[PDB]
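Take a look at the structure set out below.
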Amino acid sequence: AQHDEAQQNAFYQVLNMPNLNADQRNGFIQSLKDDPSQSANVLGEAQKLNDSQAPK
């Protein structure tokens with residue numbers, strides 16, 4: 001976890017999702033902190049929610 005490439009990438013990508021609002025991305029970040037085991041899952045869910053909220 002400690003400056004691990006997958007770990008920091010997961011956090012970074014959850015932040016860098018323009019279709020998520022603050023509450024959503026913060027929600028995912030907290031879930032990520034709680035469950036670093038579920039980094040991949042949280043990332044996937046965040047990407048899915050971002051994608052669904054895409055204007056086009």
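Labels for the structure tokens follow display order: chains A, B, ..., residues from 1 in each chain, ligands from 1.
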
Please provide the set of residues having any atom within 10 Å of residue 18 in chain A, restricted to only C-alpha atoms, with same-chain residues fewer than 2 positions apart removed, written as a short mmCIF file (atom, residue, chain, number, x, y, z; two decimals) with N, CA, C and O atoms, in the first residue's frame.
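around.cif, written as the output of this step:
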data_model
loop_
_atom_site.label_atom_id
_atom_site.label_comp_id
_atom_site.auth_asym_id
_atom_site.auth_seq_id
_atom_site.Cartn_x
_atom_site.Cartn_y
_atom_site.Cartn_z
N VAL A 14 -9.58 7.73 -9.07
CA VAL A 14 -10.83 8.11 -8.41
C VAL A 14 -10.96 9.64 -8.32
O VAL A 14 -12.04 10.18 -8.58
N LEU A 15 -9.87 10.35 -7.99
CA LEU A 15 -9.85 11.81 -8.01
C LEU A 15 -10.07 12.33 -9.43
O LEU A 15 -10.96 13.16 -9.66
N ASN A 16 -9.27 11.85 -10.39
CA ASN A 16 -9.28 12.29 -11.79
C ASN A 16 -10.37 11.55 -12.57
O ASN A 16 -10.09 10.81 -13.51
N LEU A 20 -17.73 12.36 -11.86
CA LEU A 20 -18.06 12.23 -10.45
C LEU A 20 -18.16 13.62 -9.82
O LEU A 20 -17.38 14.50 -10.15
N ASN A 21 -19.10 13.78 -8.88
CA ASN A 21 -19.16 14.96 -8.03
C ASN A 21 -18.32 14.72 -6.78
O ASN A 21 -17.82 13.61 -6.56
N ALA A 22 -18.14 15.76 -5.96
CA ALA A 22 -17.32 15.71 -4.76
C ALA A 22 -17.75 14.58 -3.83
O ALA A 22 -16.92 13.75 -3.46
N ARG A 25 -16.85 10.96 -5.29
CA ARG A 25 -15.44 10.62 -5.31
C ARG A 25 -14.85 10.52 -3.90
O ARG A 25 -14.06 9.62 -3.64
N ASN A 50 -18.66 7.12 -12.95
CA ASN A 50 -18.16 8.17 -13.83
C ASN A 50 -18.71 7.98 -15.25
O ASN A 50 -19.26 8.91 -15.83
N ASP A 51 -18.56 6.77 -15.79
CA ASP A 51 -18.99 6.42 -17.14
C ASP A 51 -20.49 6.63 -17.32
O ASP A 51 -20.91 7.24 -18.29
N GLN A 53 -22.42 8.61 -15.71
CA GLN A 53 -22.68 10.04 -15.62
C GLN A 53 -21.98 10.84 -16.74
O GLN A 53 -21.95 12.06 -16.68
N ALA A 54 -21.44 10.17 -17.76
CA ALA A 54 -20.83 10.85 -18.90
C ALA A 54 -21.91 11.58 -19.71
O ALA A 54 -22.92 10.95 -20.05
#

Item to check | Contacts of range 6-13 of chain A at 9 Å (only C-alpha atoms; same-chain gap of 2+ positions) as an MDAnalysis selection string | outcome: chainID A and resid 1:4 15:17 28:29 32 36 39:40 42:43 46:47

Next on the checklist: Between CA of residue 38 in chain A and CA of residue 55 in chain A, what distance in Å does the model show, to one decimal?
Outcome noted: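 These two atoms are separated by 28.0 Å.
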
Checklist entry - How would you write, as a ChimeraX atom specification, the set of residues in chain A that DSSP gives as helix (DSSP H, G or I)? => result /A:5-15,22-34,36-52

Selection above as a file: C-alpha atoms, as a compact mmCIF listing (two decimals), in the first residue's frame:
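Generated output (selection02.txt):
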# COMPACT_ATOMS: atom_id res chain seq x y z
CA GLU A 5 1.89 1.75 -7.78
CA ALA A 6 -1.56 0.07 -7.92
CA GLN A 7 -2.65 1.70 -4.63
CA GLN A 8 -1.67 5.30 -5.54
CA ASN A 9 -3.04 4.79 -9.09
CA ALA A 10 -6.44 3.79 -7.63
CA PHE A 11 -6.61 6.96 -5.48
CA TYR A 12 -5.34 9.16 -8.35
CA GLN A 13 -7.89 7.80 -10.87
CA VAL A 14 -10.83 8.11 -8.41
CA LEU A 15 -9.85 11.81 -8.01
CA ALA A 22 -17.32 15.71 -4.76
CA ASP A 23 -19.58 13.55 -2.54
CA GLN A 24 -19.24 10.53 -4.87
CA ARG A 25 -15.44 10.62 -5.31
CA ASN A 26 -14.88 11.34 -1.58
CA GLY A 27 -17.22 8.40 -0.82
CA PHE A 28 -15.07 6.11 -3.00
CA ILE A 29 -11.82 7.49 -1.44
CA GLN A 30 -13.10 6.70 2.09
CA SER A 31 -14.14 3.19 0.94
CA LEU A 32 -10.62 2.80 -0.55
CA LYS A 33 -8.96 3.84 2.76
CA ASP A 34 -11.25 1.46 4.72
CA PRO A 36 -7.25 -1.29 0.56
CA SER A 37 -7.95 -5.00 -0.12
CA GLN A 38 -10.85 -3.76 -2.32
CA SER A 39 -8.83 -1.04 -4.16
CA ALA A 40 -9.59 -2.67 -7.55
CA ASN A 41 -13.32 -2.96 -6.71
CA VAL A 42 -13.62 0.68 -5.50
CA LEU A 43 -11.71 1.82 -8.64
CA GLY A 44 -14.07 -0.23 -10.87
CA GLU A 45 -17.22 1.14 -9.15
CA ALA A 46 -15.90 4.73 -9.39
CA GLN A 47 -15.09 4.28 -13.11
CA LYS A 48 -18.56 2.75 -13.70
CA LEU A 49 -20.33 5.65 -11.91
CA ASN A 50 -18.16 8.17 -13.83
CA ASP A 51 -18.99 6.42 -17.14
CA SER A 52 -22.75 6.28 -16.41
